Chemist: 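Quick one: the structure is below, questions incoming.
Excluded from the calculations below are hydrogen atoms, water molecules and symmetry mates; all remaining heavy atoms, backbone and side chain alike, are included. Labels below follow one simple rule: chain letters A, B, ... track the order of the sequence lines, proteins then strands, and each chain is numbered from 1.
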Amino acid sequence: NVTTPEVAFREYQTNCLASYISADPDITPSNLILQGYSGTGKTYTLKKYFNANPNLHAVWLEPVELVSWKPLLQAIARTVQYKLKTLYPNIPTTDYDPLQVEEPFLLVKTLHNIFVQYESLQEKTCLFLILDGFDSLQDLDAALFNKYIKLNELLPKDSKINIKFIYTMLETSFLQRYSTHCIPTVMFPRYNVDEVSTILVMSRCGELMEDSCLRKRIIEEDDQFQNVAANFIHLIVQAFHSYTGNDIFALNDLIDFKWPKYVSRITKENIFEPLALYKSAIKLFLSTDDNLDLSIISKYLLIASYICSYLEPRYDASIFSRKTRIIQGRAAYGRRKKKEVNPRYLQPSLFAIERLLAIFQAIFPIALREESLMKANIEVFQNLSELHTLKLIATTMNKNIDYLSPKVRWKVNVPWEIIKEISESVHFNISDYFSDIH
Amino acid sequence: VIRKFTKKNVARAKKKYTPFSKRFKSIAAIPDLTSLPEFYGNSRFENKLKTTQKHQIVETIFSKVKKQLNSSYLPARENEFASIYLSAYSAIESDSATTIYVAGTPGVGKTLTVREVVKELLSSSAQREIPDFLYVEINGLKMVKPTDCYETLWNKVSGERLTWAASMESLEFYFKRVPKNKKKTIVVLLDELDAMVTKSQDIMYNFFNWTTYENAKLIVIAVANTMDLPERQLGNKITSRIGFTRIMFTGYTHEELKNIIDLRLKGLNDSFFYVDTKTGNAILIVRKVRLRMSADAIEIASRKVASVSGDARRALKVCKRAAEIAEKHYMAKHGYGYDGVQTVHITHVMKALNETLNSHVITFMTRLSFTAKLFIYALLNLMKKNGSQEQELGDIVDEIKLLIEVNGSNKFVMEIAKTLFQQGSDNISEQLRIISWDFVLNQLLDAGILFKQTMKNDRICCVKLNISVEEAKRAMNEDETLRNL
Amino acid sequence: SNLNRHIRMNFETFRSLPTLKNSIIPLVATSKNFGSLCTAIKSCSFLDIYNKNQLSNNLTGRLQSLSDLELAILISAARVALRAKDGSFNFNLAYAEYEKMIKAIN
DNA sequence: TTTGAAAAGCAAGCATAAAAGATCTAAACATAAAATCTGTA
Ligand SMILES: Nc1ncnc2c1ncn2[C@@H]1O[C@H](COP(=O)(O)OP(=O)(O)OP(=O)(O)O)[C@@H](O)[C@H]1O
Ligand SMILES: Nc1ncnc2c1ncn2[C@@H]1O[C@H](COP(=O)(O)OP(=O)(O)OP(=O)(O)O)[C@@H](O)[C@H]1O
Ligand SMILES: [Mg+2]
Ligand SMILES: [Mg+2]
């Protein structure tokens, strides 16, 4: 005897929730799992099921707000006691403190003491504790869910209050860890693009047709506005479904970012013409647009660090050497071959400080008592220390780092797209050093 | 004031902190402690487990045998008894402090012999030929904390309840400074001595160093499981204080085990009961039924137990299990309930000895589903191929898929392939894992058949057999489909 | 019959009566009348929908939920990982494979 | 202007240094009930 609500593309899931969740504790499982990835309508379907059956007693917990297992136990005790106080206000109760629950055993004792003072009730009832997002706990281990599986066996069997657990999970592999427990599971597969578009239209067209920018636009310049909002949502879906996938939240964010810019380009010619309005605002559908000072010594030290990380030390003398030799001796010959793989795609290498200072002095911009080469003074080492403090460069160790040890090596910690823009700010030709190696 | 965290379940005992050195103002101020009303031993829970008996239970012909063969009810330990008794009697009568080290395997009568020694010593003290002493029993496996022995022994001596540190200086003051004329001899049984071994080894040093004090009048009888414990785990000080003399309790021979079982079966074997044929209740002296347990069965069980362990607990339990098998068959035959010759035969003794030997692992693997057997077959195939003891799970997936797709012409594979990869259903697409793959993986992990490493990539994760390879091979080629291919 | 086929399938894959009960319970509970229950227990058509839902979030169904660009990036990462020795890859090599693949398509 | 030849370069082999992290342990930081002290009434 239960009401099955209408959810647009979750009919099987809603029928399963009608099959498993009822007010009778004999024909209800002790544990029930709803498994699906993010934005698959698990919470939406559970809310529509419990709203259409107001006689079912449900307690809602978000483990993401609790983070650890001990606040989860204390939250269980507190919320069960508050819900049982609200439900039967004419039953006198001792108020057990939630903060005395530090073990699962103490939760069993506290739930025993709470449920033993409601035996004056005439019928057996269910209390549905919903842990919406169990595996979204931040400090999760493999042993925590076993305690919640076996929790119902330590509570009395003839109690008037019989607690029932409903779990929500995201990842398949976490659920697959507990397959031999044979817990009933309802799975929420990801929507396809048609159901995503239908959900987006039926959930956002009402908010779009009454937004203040459109209401100012139609007086500055219901069904037709509904068609305008729906056509915008369909255009957003076909423009950015490959970017977002079947993600309701990302498409919702894109709709929110691009709706007022779309409304601002609506004229009295564009309003009844969809193709003309799309051509007026086509630049909203060509780019996702999901987006939001440093010293000369530190820039050139970053360029030298990038060169030191992504070029071999043996070919240094073939690239930077320029001095006239008083003493006879051949310089480096250079590399014969070109690399098959771009080194910038891989992890950076580790170098010494003296090599970094040598290449920094070789690439820094410029008589008898001048010495135009810049030596490594206080400011170079100070800028290097800021460069490590910002982690634009990094080391092998990060905690209790010995800066002065010779065993400690250094690497660059910026990608190529950052060092390119930094080298554009100083007019250095860094791409010349990688055009002839691969 | 707002707390950063709370401790809401702190349970602290009512233990004082001031030790015995500060009770009296002087050494001469201490009275004779044997006259104090709290010192030297001068239960409320036994009535809690009482109920009203409103039924009449039936005790059958084998009921008295099973009740009598329990461990709750000293033939073969008479040299060890004489050694422990003579050392402890000489230590009591001369007012000395002595360590007696006793070691042995489980169930060879160490605790029984030391308890019989202290009962004869208390009886001898009751006849006023040795001075009176207090007997303290400390079991290291019955303590929550190892320092609680400090809590226990001092509470047995003074009757005070202190924390463990204050109890430790109280015991040190009592054993060193208090004179002999104001004290009473104390005999301490330290049982499960290895359980009282810590990193600091302070409890070991204190308990064996008090036996080196002139005024102590302390006899420590320490029970160990090995004889090389003071050399392996303890330092040279504690090993020197324990001493060179060390009493080893050997495992019982089959003559000794047979003597123990015959001592428990005196008055019942070759005896007659009056047995009711209506209910089954039997009375020791309606039919007159003779009860026997054969000596050949007892000697077989004694020889087996003596070769495996020499354990009196196992010999008594094997005899009791044989009697219970016989009594179960008796109640099945006569239809008796739980309200001319009956014999515990040698076949019941062989069944009791074989029921802990029959290797259910092969039987468990034989009674598994086809997917679990296919997993084990694929893993064994990989161990045969690349010769490694650990195989990646993706390799097992690929070789299961190969085993299905190569021997397709088998009729069982043509029957099972749609079940394995589509669960017998159109509108279910072809699956990368087999049906119930994670189920049989977790099931073999639960049994201890498999070990799986802790990795989050399911393909490069390794799986090892925890059981022997030959029993997995014989379980696999017991299966008619898997041995066919 | 269809029950005997599903019982044989369970016997050869799970060999578990709780696994069978977890599918039989919503077959009984979703019937509105007695004729619907008899039709459900003859056809066992609900058990196939149940088995399809129990496999809807594995690798195959998650692959079928992917977009075309998602599939292209996954394919490029897969072939880079196949060409690698340890199977390791990053975003840069996968994007390089993706752009070579898109240029060779276009 | 050639020459060639010792300096530079490349790759396989393999022992070994080192990065990463799994596991743990001490030390600072923190709370708390019972016992003990202590300064007066
Ligand atoms: N079937 C549906 N019909 C209408 N709106 C839906 C439907 N499914 C989802 N939505 C809308 O999409 C939103 C996201 O769904 P929901 O919060 O239930 O997802 P979820 O699977 O619980 O996600 P998560 O694991 O990230 O919390 C809902 O709040 C609702 O506005
Ligand atoms: N000589 C014996 N005569 C009779 N019964 C014996 C004898 N030795 C042992 N038993 C029986 O075996 C039981 C177990 O022996 P006991 O507790 O003395 O063993 P233990 O050697 O101290 O073993 P553990 O190391 O396990 O403590 C005794 O309670 C008794 O029933
Ligand atoms: Mg949710
Ligand atoms: Mg013992």
Chemist: Check the surroundings of atom NZ in B:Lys156: do more than 12 heavy atoms from other residues, nucleotides or ligands lie under 6.0 Å from it?
Modeler: no
Chemist: Hey, does the side chain of A:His438 reach the backbone of A:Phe434 with a donor-acceptor pair shorter than 3.5 angstrom?
Modeler: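 A pair under 3.5 Å: yes.
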Chemist: Just to be sure I understand the rule, does A:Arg330 reach a base, reach only the sugar-phosphate, or reach nothing, if contact means heavy atoms closer than 4.0 Å?
Modeler: base
Chemist: Would you mind telling me which of A:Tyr306, A:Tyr310, A:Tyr315, A:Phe428 makes a ring pair (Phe, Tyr, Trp, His ring centres under 6.0 Å) with A:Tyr433?
Modeler: A:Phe428
Chemist: Test your reading of the model: is there a side-chain donor-acceptor pair from B:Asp148 to the backbone of B:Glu151, 3.5 Å cut-off?
Modeler: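 Not at all, since once roles are kept as given, no pair shorter than 3.5 Å links the two residues.
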Chemist: Check whether more than 12 heavy atoms from other residues, nucleotides or ligands sit under 6.0 Å from atom CZ of C:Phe89, and answer yes or no.
Modeler: no
Chemist: Indicate, with a heavy-atom threshold strictly under 4.0 Å, whether B:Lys7 touches base, sugar-phosphate, or nothing.
Modeler: base
Chemist: Shoot me the first and last contacting nucleotide of DNA chain D against chain A, ordered 5' to 3', at under 4.0 angstrom to non-hydrogen atoms.
Modeler: D:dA5 to D:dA20
Chemist: A:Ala332 near the nucleic acid: base, sugar-phosphate alone, or nothing, with a heavy-atom cut-off under 4.0 Å?
Modeler: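 Answer is sugar-phosphate: A:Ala332 comes under 4.0 Å of backbone atoms only.
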Chemist: Taking atom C1' in both D:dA5 and D:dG9, what distance in whole Å separates the two?
Modeler: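 These two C1' atoms come out 16 Å apart once rounded.
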Chemist: Just checking A:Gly334: base, sugar-phosphate only, or nothing, at a heavy-atom cut-off of under 4.0 Å?
Modeler: sugar-phosphate
Chemist: Using a 4.0 Å heavy-atom cut-off across all strands, classify A:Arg314 as base, sugar-phosphate, or nothing.
Modeler: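 The answer is base, as A:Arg314 lies within the cut-off (heavy atoms under 4.0 Å) of a base atom.
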Chemist: Run through A:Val64, A:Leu144, A:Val67 and flag the one making a side-chain contact (heavy atoms from CB on, under 4.5 Å) with A:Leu137.
Modeler: A:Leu144
